[PDB]
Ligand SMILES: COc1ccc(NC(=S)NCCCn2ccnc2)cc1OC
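Read the single chain below, which is given as structure tokens and is the form solved without this ligand.
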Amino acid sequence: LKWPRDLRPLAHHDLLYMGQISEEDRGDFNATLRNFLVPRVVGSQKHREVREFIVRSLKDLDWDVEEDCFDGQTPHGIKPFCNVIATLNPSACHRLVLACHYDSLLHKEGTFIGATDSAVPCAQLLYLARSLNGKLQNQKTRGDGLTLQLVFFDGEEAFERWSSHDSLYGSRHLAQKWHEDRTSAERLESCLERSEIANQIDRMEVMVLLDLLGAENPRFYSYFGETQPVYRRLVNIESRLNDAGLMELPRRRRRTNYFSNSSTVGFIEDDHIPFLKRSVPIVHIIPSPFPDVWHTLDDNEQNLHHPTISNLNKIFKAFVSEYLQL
């Protein structure tokens, strides 16, 4: 079956513009990132500060920001959780959803920063909103029934040994909440002709979940046949950015090959699962294998690879520009 939205290839001019990172932008990205490079375990003050920073940053860009807050039982007793949902144009029927988790693992060995997991993805989402704000605010005025939505899930991490009951607290909660929140096309602005909308879940046109990003030379694959048409756009954008000489590599004439033009057979537990179960299309931008530093005390700022981050930011900016025709 074809993708429901006809995917217009990004014009050369727009590819080149989205693939430019100024010195200012690097500074802006890193300043944003600094806010997330702190331990932010559920229940903590720094976690509350990170949540408030996400909310403030997006309200400042005139996005609609909602907090889905609830208390949930855990192996460590009742804990407070708050998903942050930011929507550029709430009334637009369909959403391109980008997502990540903002909580950090409570690591028994010691203080855990979770730089790839997922401080970098958090900063990448905010950086996208900030750096594309002008074009996004113009797109919002079109009445075309499509918008951008950012979801920062809380409580993705297990408190003790991973289980279905001890993990994905925020995403399980939100998926249920949105499934039970009924709506229809006539209540919404410009749904696509043959859309089947019965609840808020159905308005998630695709969810692009970023996780474990920031390490050198990640390998992505298409995890879901459902979203192969969208995944192939990431492969294409990456290829075009290399053709254009806009990727940072250690030597001339090398190319990035992050997005493999292949599928892989693997099952990863992450925030997409509760939405996958309600047939939300998923693109899971997570490396395979996981970064070497995964769930170790070395998942910290200095083990980040800045040229990779810059390259990923270009791909993501170009992807959002392509999808939303910015």
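Start at 1 and count along the sequence shown; that's the residue number. For the two forms, the rigid core is made up of the largest set of C-alpha atoms that agree within 1.5 Å on superposition.
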{"item": "Farther-lying stretch by C-alpha RMS in 8 other deposited structures of this protein (rigid core fit) among 259 to 267, 26 to 34", "value": "259 to 267"}
{"item": "Mean Cα B-factor comparison, 169 to 177 or 115 to 123, giving the higher one as deposited", "value": "169 to 177"}
{"item": "Entry-level comparison of average CA B-factors, 64 to 72 and 293 to 301, reporting the higher stretch", "value": "64 to 72"}
{"item": "Residue selected from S104, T256, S195, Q149 by maximal Cα B factor", "value": "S195"}
{"item": "Assigned third (lowest, middle, highest) for the C-alpha B factor of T141", "value": "middle"}
{"item": "Within-chain third of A11 by Cα B-factor, per the entry", "value": "middle"}
{"item": "Third assignment of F159 from its chain's C-alpha B-factors", "value": "middle"}
{"item": "Third of chain Cα B-factors occupied by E226", "value": "highest"}
{"item": "Among modelled residues of the same chain, the CA temperature factor third for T87", "value": "lowest"}
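Another form exists, deposited with this ligand bound; not displayed. Remarks below refer to it.
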property	result
Clash verdict for this ligand in the entry with it bound, overlaid onto the shown chain (3 or more atoms within 2.4 angstroms of backbone or C-beta)	open
Non-hydrogen atom contact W162 with this ligand in the entry with it bound at 4.5 angstroms	yes
4.5 Å heavy atom contact, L212 to this ligand in the entry with it bound	yes
Non-hydrogen atom contact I268 with this ligand in the entry with it bound at 4.5 angstroms	yes
is_contact(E157, this ligand) in the entry with it bound, heavy atom dist at most 4.5 Å	yes
Candidate stretches 204 to 212, 188 to 196, 86 to 94, 128 to 136 - the one whose heavy atoms come within 4.5 Å of this ligand in the entry with it bound	204 to 212
Answer option from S288, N261, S44, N257, heavy atom within 4.5 Å of this ligand in the entry with it bound	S288
Single option in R26, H295, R48, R34 placed near this ligand in the entry with it bound, where near means a heavy atom within 4.5 Å	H295
Residues of 112 to 136 having any heavy atom within 4.5 Å of this ligand in the entry with it bound, listed in sequence order	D117
